[PDB]
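S.K.: Attaching a single structure in C-alpha cells format; questions to follow.
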Amino acid sequence: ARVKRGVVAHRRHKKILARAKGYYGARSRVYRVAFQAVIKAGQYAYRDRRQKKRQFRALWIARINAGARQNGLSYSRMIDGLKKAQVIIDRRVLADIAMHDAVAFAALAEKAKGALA
Amino acid sequence: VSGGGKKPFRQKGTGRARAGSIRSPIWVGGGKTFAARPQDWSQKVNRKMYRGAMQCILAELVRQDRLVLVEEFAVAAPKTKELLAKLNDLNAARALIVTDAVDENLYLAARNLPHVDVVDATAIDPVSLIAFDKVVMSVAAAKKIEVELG
RNA sequence: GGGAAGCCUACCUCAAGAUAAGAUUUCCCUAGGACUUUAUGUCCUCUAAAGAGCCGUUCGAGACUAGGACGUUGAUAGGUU
RNA sequence: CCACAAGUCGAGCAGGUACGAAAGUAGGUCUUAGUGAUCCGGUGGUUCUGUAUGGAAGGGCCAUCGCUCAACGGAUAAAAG
RNA sequence: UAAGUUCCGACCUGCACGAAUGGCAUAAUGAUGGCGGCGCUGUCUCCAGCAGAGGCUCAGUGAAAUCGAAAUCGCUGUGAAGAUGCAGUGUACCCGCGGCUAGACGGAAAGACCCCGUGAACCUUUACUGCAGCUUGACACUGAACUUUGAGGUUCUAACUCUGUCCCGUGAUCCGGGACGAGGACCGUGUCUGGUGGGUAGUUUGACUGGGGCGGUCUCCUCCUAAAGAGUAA
RNA sequence: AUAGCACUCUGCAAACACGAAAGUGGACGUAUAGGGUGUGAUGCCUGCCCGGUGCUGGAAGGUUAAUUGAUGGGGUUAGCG
RNA sequence: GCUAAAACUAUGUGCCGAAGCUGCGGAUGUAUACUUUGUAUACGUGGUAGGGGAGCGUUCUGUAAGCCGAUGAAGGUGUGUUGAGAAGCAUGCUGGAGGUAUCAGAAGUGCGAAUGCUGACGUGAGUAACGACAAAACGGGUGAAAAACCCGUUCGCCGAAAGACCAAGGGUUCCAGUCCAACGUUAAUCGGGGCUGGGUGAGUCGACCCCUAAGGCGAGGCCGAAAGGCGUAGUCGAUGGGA
RNA sequence: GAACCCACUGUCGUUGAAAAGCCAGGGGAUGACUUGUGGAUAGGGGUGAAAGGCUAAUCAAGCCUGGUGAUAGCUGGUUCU
RNA sequence: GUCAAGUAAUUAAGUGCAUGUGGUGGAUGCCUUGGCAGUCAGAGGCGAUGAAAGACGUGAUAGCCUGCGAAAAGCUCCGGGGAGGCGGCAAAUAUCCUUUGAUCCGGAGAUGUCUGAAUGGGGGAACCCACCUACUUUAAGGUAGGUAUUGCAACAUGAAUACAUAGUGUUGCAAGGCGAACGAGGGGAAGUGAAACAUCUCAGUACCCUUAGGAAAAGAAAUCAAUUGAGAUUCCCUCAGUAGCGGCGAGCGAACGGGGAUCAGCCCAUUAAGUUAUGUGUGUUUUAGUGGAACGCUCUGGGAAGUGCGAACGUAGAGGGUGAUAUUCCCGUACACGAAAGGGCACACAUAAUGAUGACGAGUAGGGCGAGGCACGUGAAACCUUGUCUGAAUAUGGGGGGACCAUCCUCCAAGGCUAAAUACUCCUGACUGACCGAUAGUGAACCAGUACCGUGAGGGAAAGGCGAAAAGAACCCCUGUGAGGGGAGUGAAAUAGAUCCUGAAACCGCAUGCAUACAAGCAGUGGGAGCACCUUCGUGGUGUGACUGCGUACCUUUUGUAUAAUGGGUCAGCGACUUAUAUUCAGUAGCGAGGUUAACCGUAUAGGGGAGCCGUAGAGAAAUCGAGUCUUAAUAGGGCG
Ligand SMILES: NCCC[C@H](N)CC(=O)NCCC[C@H](N)CC(=O)NCCC[C@H](N)CC(=O)N[C@@H]1[C@H](O)[C@@H](OC(N)=O)[C@@H](CO)O[C@H]1NC1=N[C@@H]2C(=O)NC[C@@H](O)[C@H]2N1
C-alpha cells in the first residue's frame, strides 16, 4: 500500500500561495516565505480586530470635543452634563450628529449645560 | 541493497552533511527504512464463537426470508439451461445451493452460472452465506446442519 | 562698560533637489474640422519655431562620461611653407 | 523517623535469675559518635533436604567469625604515566 | 659609536660547565649563527619621468564562493549586555559607472587553544594481567660393563648426531640407500614444571571544585548559620 | 653519516638476523674476521666513586616447583551387641 | 516646548484609559433538574514538557458481473459556495480513459527545516577570465559571411632546439574528397571535429629464433593442521652475446 | 664552469599556466655521482646516511571487501485537524 | 489686459501588484515484453568424447544484437503443419524460395576454428616452437593418428651388492577443472554487552581451508527409568524461562515424562538386509499438434465492444487482443482426440559387482598430569574426547544409575551396513498476490555490471510513453541547397510534428489597468480617497492603493533570542516510532467455576487432536500440614492467610 504524496501536497501548497496573493517578491511566489507571511497576517488581523474599537472610539471622542468647543463646552464637561441630564446616546451617534447636523448638536450641548447649571 | 559498504566521504572538512553509506534510507535509491517481510494474517477464532456466529447467520437468514427449503434438488443431466430453468421456477436466479452431497451433474451445471454456486452441507462458510442473495437448502442438508448445530 | 590664538563674521572654494526648487536680460511659437466624456476634453488635417542632440575635425578636458573649440560664411586636426 | 535498604523508643505476657524484710528494681553504661550492605568462605548446633534405595558428600535453617571495601550504598579477586 | 640590552677582551657567588651522553683548542671547509668596515646604491629623506603588461571602452564567448526574505541611512539610548530593521530624533528626489575597504560580530573549515564523555589511537615504565622467546628440573625417546662413598668416576656401542670422506640412483654441492670416520646415551625433541620476560598484546589510571590543574575534602557525632515545631546550602 | 678511537660478544654446524619448520643470509668468510654499542679528523688529553641497577665470576648455607607419598582423620559394611 | 507652570505641596469636581467588568449575538466542557429527549439553569474554556478524548484527507481489499464515464474519467488551471478545522460540493477551460458511494478491513498515510538525498533553475553578472609580452602589415581568391583558410609581397622569432631521428607509450590522429550543428576558451570557408574512400610491400631494419644474468617456476625431494614454504634435475626470463 | 642532478634567497602566483610552479640569483658537477630497462623486500610488516621519513596526490599503522545497520549517557531532525 | 498671491492637471529612465498569453522544466495522472514474494509438481549437476567463461570468424548489402562454426542466420532423416517466407534494431531494395509442400514447430543425427583444467614444450589467454608413425607430393608441402602429470595393475628392464631391493620404461584404466543453497569435517576473531574492564558475553558467529549427496549426518542401547517400567535414529509441540550454571554480575539455560510426523531391521569369512550397473518385459509420464458453441437492428461517435430493443450458447461467463467497456469479431477456454522417434520414473526377472580384510573385538577399559565437550566457569563434579606417562578382568567377567560405599535394577564397549519422517533452490512447468508501477520495483523495464573512476583488488550510474494506423508532412515561400519557421496536405486531434500523451512549480519574457522620482526599517495588518473596467446603476463586483494607527521573520536550543547564537539560495519528488515473539493493564465479544487447545491429521478458515496452560488455597527455607499454617517450652503473644 504505497502512498504518493504529490496531489495532496500540491493542493496544500497551492492554497497557501493563493492566500498569499498580492504580497511583494518571494512572499507571493515561494512557499516557505509565503507560509510565514500568511501566519503573520492572521496574527496581525487578530490583534487589529481589538485595536479597531479603540481607534474608532478615539475618533468619535475627538469629533465630539470639536463640536462641544464650538458650542462653548469641553468634552469632559459635556459628557458629565449629558450623564446628569440622563441622556444615554452613545459617542458614535453623538459624533455622527456633530459631523452632519450642527443644530441638533447645539441643542444637545444646550441640554448638557442646562443640566450642569 | 546492492553495494553501499564504504563511507562515501570523510567525516570532517568537506562541508557536506556527514554520511555513512550511499544506501542510507535518506538517500534516493537507498534502503527502505522498515523493510517488510512475508506475513501470516490468520487469526484464531474460538470454536464456540465460530459456531455461535454461524447459528446467528442462519437464524437471521431464516427471519429475513432468504433461506428457501426444498424436499429435493437434483438435475437429470449436466445442462446449464436445465439448472437455469429449475432456478427460475423457484425464483432464485442468484443463489447458493446447499445439498447433502454434491452431485457431479449439479456441479457441472452450476459451474458456468454467474451468481450461482453449489456446496456441500459440511462446507458452508459465513462469508458465502451472507454474500449470495438467497440460500436454497435441501431438507437433508438442513437436517445435517441441525445435527452439526451450525 | 572693558575683556582671549577660543564663538559669529571676515579670507578661499562649492552652493536653489534651498521640492521654500529664488532673481535679472534677451529670444521663440498668434491653423482649421468633427464629436461628446462640455472640459488645460477625445479624434482628423495642417504646422515643426527659438533651441538641443546625433554625426564629424579635435583639446593644455578626460577611465567611459561630462566640459571647451570648430564643421567650407572654415585655421578644428593633419600636411605644406 | 523515613525514597528504599536501614535506624529509634517501648508498657506488658511467659520461663529462669540477682539484690532487697518488703512494696519492688534489673532485657548493660545520663543520652546523643566508636562504623560496612551483598557475594564467597570458616566454626558450633540442627525432631529440614539428600538425583534408584540405605547412608554419605553437598545444600537449607539457627548462632557466630574473616574489610581504613575510609572514594566509607562498597563498578574487578586483580591496575601507573 | 655622538649615542651599543647585540659584538670583542677581561673578571668569577658556575640559580643550574667539566673530561669518549667526551673537555679545551684548532689550519682548511660551510647557500651555518652573531658583530664591524670599504665600495655601492630609489633601502631611505621623498619621490619624479618614461617603456611594456593589466586596469577603462567596443565586439564575441562566458565562471566563482555566498545567499531566510528585504522598500538594506546617521546619532543618542534600549535590549540575550557592541542595532540598517526597537525608541526618540536628525538628514535624505529616482538609477548607474570608476575607485575604496570602516561595518554587515563579512566568506572559507560542526575551534586545533580550554573543559567534558565512566570516547579513540600510538608511545613509556620498578601500573595490572596474559603470551612469544630464553632458561631449570622430572618423566619419555634411553642402552651395556667395570669402580667409589642415593650419588659420583672409568670404558664401550647398538639408539641418536654430523652444514666430514668415498660409492650408487645420476648427465645432480638437493634427497635417498650403502661403506667409512669422528662423536654418543650426551646433545636435541614431546608432556609437565619453577624462573625471567614492555619483546609483544589487552586494559586501567575517581569525584567535588566560582574553568581545569596543585592544595584540601569524601563516613559518623556536637554547636552556630537555621528566620521561637521538623527540615534547610556554600 | 663519515674516516679515526674504544668497549663488548663470536672457535665455526660461530655470534647475530629472517622463518612455523625445512632452510637462507652472516660467508663459499675464520679472531689482522664477523655482529652489537657509544664517541666523531687532528693536537693536548681523558680526574675521583662499584653504595644503587646491570654484567661477569664464586659459595653451597637458607628459601622454593612439578614428581614422590610416610603418617594422621573421615565415608561405607561383614560381623559383634 | 513649559515659570501667578504644562514644576512641587494640599484639597475638590469631571473626564480618558485594558483582550478586566457590563451589554448583544454565537460555540464548547462539567454538573443539577427536565425522570429518552436535546432541553433550561449554574459554573468553567491562556498554556511548554506531558496525559486524555474526537476527527479530516491519502493508497490498497470486500461490498462491486453494482454505480458514474467519449453527451468526456483521473490529472492540470480558474470561479462560486459550505462547515469550527483538517476539508467538502458545483461548475467554465484544458485533458483523453478510467473513476468509485456506503459500511467494514489493512497501512510504504500527511514535510520547511536534519551543513538531509536526486533533478531543474536563480543571485553574484553580462562581472573575472580567454593559458608564456617571439609581432605583425597589405593585395588578390573563395565564400552567406574572412584579423585567424589559400596564393603572393614584406616584417619578426628559434636555430645544442621552438630543427631532424629512435625506443617506450598512444592507435588511424596519416592522405584525398566533402560538411560546419556539437568539439576548438572568439569567427571559421579551417582542423588532430563529422562523413566517405584510400594508405603500411623486406633473406640483409626490428621482432620471432639460438644463448644465458638478476629473478621466477619447479618432476622427484625436504618441511608444514589444511591452504601452503623451500628447493634438486630442469625450464623460463634482456636491459647483454649470436649471418 | 655548460649539459645533467638538486632546492639556499626574493618578488609573483594562491577561484594559479601549475593540487608545489615561473623568473632572477644559488649548490654539486670522476663521484658516498646521475640515469634507462628488468627484478627482490608487503602492513604492527617492508625500507630508512634517522625527518616518524617513504610504502601509487593517502601514513603514530596503506588500500579494498566483509563482521556491519559496530557502539555513541552526545549534537541534529521528527510531516494533518 | 498686465501684475501679484494661492492652488489643481500633466513625466516613467525604470519598478511593484493583478490579469491575459508564452518560454524553460519535467511534477502529476493514466499505462507497462521489468522487478519482488510465494504455492504445487519436477530436478538437483556440467567436464579429457575437452566444461563454465571467452577470442575470432560466418550475410546479396552487414555496424551492433541473436544464431551458427571453414559443412559457419546453417547440412541429413523422421514426424507435425498448410500459404506464405529469405532472424532483430529496421524501413527500402534487389536476387529469390515455396502446394513436386517452403518459412515455422518437435525428435534424432552430421559438422563443430582458437583460448581456457588445457594435457607435445613454452608463454605476457585467444600466441611462439616441436617430435614420432602411416599414406600422399616433388620440391621446401598435405591428410589422419600419437606424444602431459599423478595413482593403480600387468609386463619388461635394472645399482651400490652376491641374491635382491631401489631406480627406469611400455601398455591399460582412473583422477584433476567449474558451479546457487543445504551437509560433514580442519582452524577460528573483534567491534559489542557487562552502563569502566581482565573471568564472562558476543560465539563456535563472521571468515579461511578440505570434501560428498540428492539429501547429508545419526542409527538398532556397555540407553534411559526408578510402582520395576520403557525399548534404534531423525524432526515438531509441550514440559519451562522450570532444575541448574554464573566477577551468584551481565547473562547462559537442560533433562525426565507426555502429545505427534515416520516407522525396519540385517550381518562378521559356506558370509545377510540393502545398494549400484547392464539387458528384457509391463505400466505411467514427458518432448510437436487437431477439432472446439452461440448476435442482429438502432442512437452517439473518427472508430462501438458503449445507449435503446430483442435473440442465441454454456461441462465453454479463465485470460488476451481488436480504433472507447465483447460469452456469441479474432486467439483462446470447458471438453474430446493425437506420436515416426527420444527421454524420466515405478514394478518384475537376468547377469554382474558391491555390502565384505571383516569371524564377539588389548596398548583397549581404567588411572596420574594438562586441556577440551557436556545448560554445568573446578565446583560436592559424575559422564564423553585425548597431548603425555602408564595400564586390567576377560562371563564365577565387565559398564552405568552425577563425589563415594553397600544393596538392587539395567546394559554387553574396544567390528560393521541400513529407507522414511528432516535441510535447501543455480534451474524447469503451471498457478497466485489487500506486492512495486520508471527518484518505486533488481544496481540494471532502455545494447548494465555497460558508460565512467581506479595500477589493482574493487566501486558503479543516468536513460520508458507520436499516432488506431506512418497516413512520419508531396508542393510553394523566407533562409547559406544550413538551422528554423509560415502556408498546403494527412489525421478525430499537429498547442499529437519527431527528446512528439498529460504538461504542475521554481525561474525568465511580452501586453493591458492602477500606483510610483521630498521620502527612512520583517514589507503586513486595521482604516481609507482617487482612478480604470464591469454593472442587476448600488448601501454592488474586479484590479490598484495616495494618506494614516499598530507592527524587529521562522525553526532549534535556552534562565532568557530581532538577536550580531544554530539551520535553510528556490521549487518539485523522496526522507524518520516499524516488524516478530513474550508479558502486563484497559476496552470489547464468547463461554463461565470453569475457560482454552499446540504440534499434527484433514481435496483443508470446517471437522478432529485434551498432551499442556491459566483459574479454583494458603502457611513454611523445607519435610510437612491445610482454612489454616509458621515461630515458641507455651492452647500465651505475634507474622502471613
Ligand atoms: N505546416 C508547416 C509546414 C512546414 C514544412 N512542411 C517544413 C516541414 O514540414 N519540415 C518537417 C521536419 C520534421 C523533422 N525535422 C523530420 C524528422 O524528424 N525525420 C526523422 C527521420 C528518421 C527518424 N529519426 C527515424 C525514426 O522515427 N526512428 C524511430 C526510432 O528508431 C525508435 O523511436 C524511438 N522513439 O525510440 C523506434 C521505436 O518505435 O521507432 C522508429 N520509427 C518508427 N516509425 C514507425 C511507425 O510509426 N510504426 C512502425 C515502426 O516502423 C515504427 N518506428
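Ligands are numbered from 1 in the order shown, chains are lettered A, B, ... in the order of the C-alpha cells, and residues start at 1 in each chain.
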Leaving out segment 14-19 of chain H and any residue of its chain fewer than 5 positions from it, which residues lie within 8 Å of it when counting only C-alpha atoms (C1' of nucleotides), given as a VMD selection string?
M.R.: (chain E and resid 64 to 65) or (chain G and resid 131 to 132) or (chain H and resid 57)
S.K.: Let me see the file: selected residues, N, CA, C and O atoms (P, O5', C5', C4', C3', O3' and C1' of nucleotides), as a PDB file, in the first residue's frame.
M.R.:
```pdb
ATOM      1  P     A E  64      29.551  29.310 -11.612  1.00  0.00           P
ATOM      2  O5'   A E  64      30.616  29.717 -10.501  1.00  0.00           O
ATOM      3  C5'   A E  64      31.702  28.864 -10.164  1.00  0.00           C
ATOM      4  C4'   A E  64      32.605  29.512  -9.146  1.00  0.00           C
ATOM      5  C3'   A E  64      31.934  29.932  -7.846  1.00  0.00           C
ATOM      6  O3'   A E  64      31.910  28.874  -6.904  1.00  0.00           O
ATOM      7  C1'   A E  64      33.244  31.723  -8.696  1.00  0.00           C
ATOM      8  P     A E  65      30.528  28.233  -6.408  1.00  0.00           P
ATOM      9  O5'   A E  65      30.576  28.405  -4.827  1.00  0.00           O
ATOM     10  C5'   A E  65      31.700  27.974  -4.075  1.00  0.00           C
ATOM     11  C4'   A E  65      32.226  29.075  -3.189  1.00  0.00           C
ATOM     12  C3'   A E  65      31.206  29.725  -2.266  1.00  0.00           C
ATOM     13  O3'   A E  65      31.028  28.999  -1.062  1.00  0.00           O
ATOM     14  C1'   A E  65      32.439  31.401  -3.398  1.00  0.00           C
TER      15        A E  65
ATOM     16  P     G G 131      45.009  33.938 -23.840  1.00  0.00           P
ATOM     17  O5'   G G 131      45.540  32.948 -22.717  1.00  0.00           O
ATOM     18  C5'   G G 131      46.666  33.286 -21.930  1.00  0.00           C
ATOM     19  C4'   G G 131      47.316  32.065 -21.336  1.00  0.00           C
ATOM     20  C3'   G G 131      47.860  31.039 -22.309  1.00  0.00           C
ATOM     21  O3'   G G 131      49.064  31.425 -22.946  1.00  0.00           O
ATOM     22  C1'   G G 131      46.717  29.936 -20.571  1.00  0.00           C
ATOM     23  P     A G 132      49.280  31.131 -24.513  1.00  0.00           P
ATOM     24  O5'   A G 132      50.781  31.579 -24.782  1.00  0.00           O
ATOM     25  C5'   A G 132      51.823  31.185 -23.897  1.00  0.00           C
ATOM     26  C4'   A G 132      52.112  32.263 -22.884  1.00  0.00           C
ATOM     27  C3'   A G 132      52.954  33.426 -23.396  1.00  0.00           C
ATOM     28  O3'   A G 132      52.533  34.624 -22.746  1.00  0.00           O
ATOM     29  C1'   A G 132      54.058  32.394 -21.587  1.00  0.00           C
TER      30        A G 132
ATOM     31  P     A H  57      48.387   8.607  -4.638  1.00  0.00           P
ATOM     32  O5'   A H  57      48.947   9.960  -5.251  1.00  0.00           O
ATOM     33  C5'   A H  57      50.181  10.507  -4.805  1.00  0.00           C
ATOM     34  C4'   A H  57      49.999  11.888  -4.230  1.00  0.00           C
ATOM     35  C3'   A H  57      48.937  12.004  -3.142  1.00  0.00           C
ATOM     36  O3'   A H  57      49.361  12.940  -2.156  1.00  0.00           O
ATOM     37  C1'   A H  57      48.377  13.419  -4.964  1.00  0.00           C
TER      38        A H  57
END
```
S.K.: Residues within 12 Å of ligand 1 should be enumerated using only C-alpha atoms (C1' of nucleotides) and all ligand atoms and returned as an MDAnalysis selection string.
M.R.: chainID I and resid 89:92 446 463:478 483:490 494 497:500
S.K.: Would you list the contacts of residue 6 of chain H as a PDB file with N, CA and C atoms (P, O5', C5', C4', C3', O3' and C1' of nucleotides), in the first residue's frame, taking every protein, DNA or RNA residue within 12 Å and counting only C-alpha atoms (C1' of nucleotides), but skipping same-chain residues closer than 6 positions in sequence?
M.R.:
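Okay, out.pdb is ready:
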```pdb
ATOM      1  P     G H  26      74.612  33.176  -9.266  1.00  0.00           P
ATOM      2  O5'   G H  26      74.006  32.284  -8.091  1.00  0.00           O
ATOM      3  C5'   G H  26      74.289  32.573  -6.730  1.00  0.00           C
ATOM      4  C4'   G H  26      73.807  31.482  -5.803  1.00  0.00           C
ATOM      5  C3'   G H  26      74.496  30.133  -5.925  1.00  0.00           C
ATOM      6  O3'   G H  26      75.758  30.086  -5.286  1.00  0.00           O
ATOM      7  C1'   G H  26      72.165  29.811  -5.804  1.00  0.00           C
ATOM      8  P     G H  27      76.934  29.182  -5.897  1.00  0.00           P
ATOM      9  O5'   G H  27      76.596  27.704  -5.403  1.00  0.00           O
ATOM     10  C5'   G H  27      76.696  27.349  -4.033  1.00  0.00           C
ATOM     11  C4'   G H  27      76.334  25.903  -3.792  1.00  0.00           C
ATOM     12  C3'   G H  27      77.111  24.866  -4.587  1.00  0.00           C
ATOM     13  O3'   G H  27      78.394  24.594  -4.051  1.00  0.00           O
ATOM     14  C1'   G H  27      74.814  24.349  -4.667  1.00  0.00           C
ATOM     15  P     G H  28      79.585  24.113  -5.012  1.00  0.00           P
ATOM     16  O5'   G H  28      79.165  22.642  -5.454  1.00  0.00           O
ATOM     17  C5'   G H  28      79.262  21.553  -4.550  1.00  0.00           C
ATOM     18  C4'   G H  28      78.774  20.265  -5.165  1.00  0.00           C
ATOM     19  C3'   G H  28      79.512  19.773  -6.399  1.00  0.00           C
ATOM     20  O3'   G H  28      80.738  19.128  -6.111  1.00  0.00           O
ATOM     21  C1'   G H  28      77.197  19.628  -6.775  1.00  0.00           C
ATOM     22  P     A H  29      82.006  19.345  -7.071  1.00  0.00           P
ATOM     23  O5'   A H  29      81.511  18.856  -8.506  1.00  0.00           O
ATOM     24  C5'   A H  29      81.203  17.493  -8.760  1.00  0.00           C
ATOM     25  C4'   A H  29      80.402  17.326 -10.030  1.00  0.00           C
ATOM     26  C3'   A H  29      81.152  17.544 -11.334  1.00  0.00           C
ATOM     27  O3'   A H  29      81.859  16.388 -11.737  1.00  0.00           O
ATOM     28  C1'   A H  29      79.070  18.677 -11.404  1.00  0.00           C
ATOM     29  P     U H  34      73.381   9.987  -7.009  1.00  0.00           P
ATOM     30  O5'   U H  34      73.060  10.329  -8.529  1.00  0.00           O
ATOM     31  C5'   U H  34      72.679  11.637  -8.921  1.00  0.00           C
ATOM     32  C4'   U H  34      72.465  11.729 -10.410  1.00  0.00           C
ATOM     33  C3'   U H  34      71.445  10.771 -11.002  1.00  0.00           C
ATOM     34  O3'   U H  34      70.112  11.222 -10.849  1.00  0.00           O
ATOM     35  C1'   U H  34      73.403  10.749 -12.321  1.00  0.00           C
TER      36        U H  34
END
```
S.K.: Distance atom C1' of residue 434 of chain I-atom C1' of residue 57 of chain G, one decimal place?
M.R.: 20.1 Å
S.K.: If you run DSSP on this backbone, which residues of chain A come out as helix (DSSP H, G or I), and could you give them as a VMD selection string?
M.R.: chain A and resid 6 to 19 25 to 28 31 to 70 75 to 85 91 to 100 102 to 116
S.K.: Okay, now the selection with C-alpha atoms, as a CSV table (one decimal), in the first residue's frame?
M.R.:
```
chain,number,residue,atom,x,y,z
A,6,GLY,CA,2.0,14.7,-4.8
A,7,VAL,CA,-1.6,15.5,-5.2
A,8,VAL,CA,-2.4,16.4,-1.6
A,9,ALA,CA,0.9,18.2,-1.0
A,10,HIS,CA,0.4,20.3,-4.2
A,11,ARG,CA,-3.1,21.2,-3.1
A,12,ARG,CA,-2.0,22.4,0.3
A,13,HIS,CA,0.9,24.5,-1.2
A,14,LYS,CA,-1.4,26.0,-3.8
A,15,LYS,CA,-4.0,27.0,-1.1
A,16,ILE,CA,-1.2,28.8,0.9
A,17,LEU,CA,0.1,30.5,-2.3
A,18,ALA,CA,-3.5,31.6,-3.2
A,19,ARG,CA,-3.9,33.2,0.2
A,25,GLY,CA,8.6,39.4,-4.2
A,26,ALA,CA,9.1,35.9,-2.8
A,27,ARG,CA,6.2,36.4,-0.4
A,28,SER,CA,3.8,35.6,-3.2
A,31,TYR,CA,6.2,28.5,-0.4
A,32,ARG,CA,8.3,28.9,2.7
A,33,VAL,CA,8.3,32.8,2.7
A,34,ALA,CA,4.6,32.8,1.7
A,35,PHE,CA,3.6,30.5,4.6
A,36,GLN,CA,5.5,32.7,7.1
A,37,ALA,CA,3.7,35.7,5.6
A,38,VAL,CA,0.2,34.3,5.9
A,39,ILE,CA,0.5,33.3,9.6
A,40,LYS,CA,1.8,36.8,10.5
A,41,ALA,CA,-1.1,38.3,8.6
A,42,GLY,CA,-3.5,36.3,10.7
A,43,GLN,CA,-1.8,37.3,13.9
A,44,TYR,CA,-2.0,41.0,12.9
A,45,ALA,CA,-5.7,40.7,12.0
A,46,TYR,CA,-6.4,39.1,15.4
A,47,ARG,CA,-4.7,41.9,17.2
A,48,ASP,CA,-6.3,44.6,15.0
A,49,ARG,CA,-9.8,43.4,15.5
A,50,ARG,CA,-9.3,44.6,19.1
A,51,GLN,CA,-7.4,47.8,18.1
A,52,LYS,CA,-10.2,48.9,15.7
A,53,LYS,CA,-12.7,49.6,18.5
A,54,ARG,CA,-10.2,51.8,20.4
A,55,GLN,CA,-9.3,53.7,17.3
A,56,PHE,CA,-12.9,54.4,16.3
A,57,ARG,CA,-13.8,55.5,19.9
A,58,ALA,CA,-10.9,57.9,19.8
A,59,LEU,CA,-12.2,59.4,16.5
A,60,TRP,CA,-15.7,59.8,18.0
A,61,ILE,CA,-14.3,61.5,21.1
A,62,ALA,CA,-12.2,63.9,19.0
A,63,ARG,CA,-15.2,65.0,16.9
A,64,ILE,CA,-17.4,65.4,19.9
A,65,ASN,CA,-14.7,67.5,21.5
A,66,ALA,CA,-14.6,69.8,18.5
A,67,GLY,CA,-18.3,70.2,18.5
A,68,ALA,CA,-18.5,70.9,22.2
A,69,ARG,CA,-15.8,73.5,21.9
A,70,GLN,CA,-17.7,75.1,19.1
A,75,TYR,CA,-15.7,67.3,26.0
A,76,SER,CA,-15.5,66.1,29.6
A,77,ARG,CA,-18.0,68.7,30.9
A,78,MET,CA,-20.4,67.9,28.1
A,79,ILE,CA,-20.2,64.2,28.8
A,80,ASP,CA,-20.8,64.9,32.5
A,81,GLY,CA,-23.8,67.2,31.7
A,82,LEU,CA,-25.4,64.6,29.5
A,83,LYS,CA,-24.9,62.0,32.2
A,84,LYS,CA,-26.6,64.3,34.7
A,85,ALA,CA,-29.4,65.0,32.2
A,91,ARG,CA,-20.4,58.5,21.3
A,92,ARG,CA,-20.8,57.0,17.9
A,93,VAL,CA,-24.2,58.7,17.4
A,94,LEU,CA,-23.0,61.9,19.1
A,95,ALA,CA,-20.1,62.2,16.7
A,96,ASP,CA,-22.3,61.4,13.7
A,97,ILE,CA,-24.7,64.2,14.7
A,98,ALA,CA,-21.7,66.5,15.4
A,99,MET,CA,-20.4,66.0,11.9
A,100,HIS,CA,-23.7,66.1,10.0
A,102,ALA,CA,-24.9,71.3,13.8
A,103,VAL,CA,-28.3,72.5,15.0
A,104,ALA,CA,-29.1,69.2,16.7
A,105,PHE,CA,-25.7,69.1,18.3
A,106,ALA,CA,-26.2,72.6,19.6
A,107,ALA,CA,-29.4,71.5,21.2
A,108,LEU,CA,-27.7,68.6,22.8
A,109,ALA,CA,-24.9,70.9,24.2
A,110,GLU,CA,-27.6,73.3,25.5
A,111,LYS,CA,-29.3,70.4,27.3
A,112,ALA,CA,-25.9,69.3,28.8
A,113,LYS,CA,-25.0,72.7,30.1
A,114,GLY,CA,-28.6,73.2,31.4
A,115,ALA,CA,-28.1,70.0,33.4
A,116,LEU,CA,-24.7,71.2,34.5
```
S.K.: Tell me which of E:205, E:142, E:173, E:72 sits closest to residue 160 of chain E, counting only C-alpha atoms (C1' of nucleotides).
M.R.: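 Of E:205, E:142, E:173, E:72, the one nearest residue 160 of chain E, counting only C-alpha atoms (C1' of nucleotides), is E:142.
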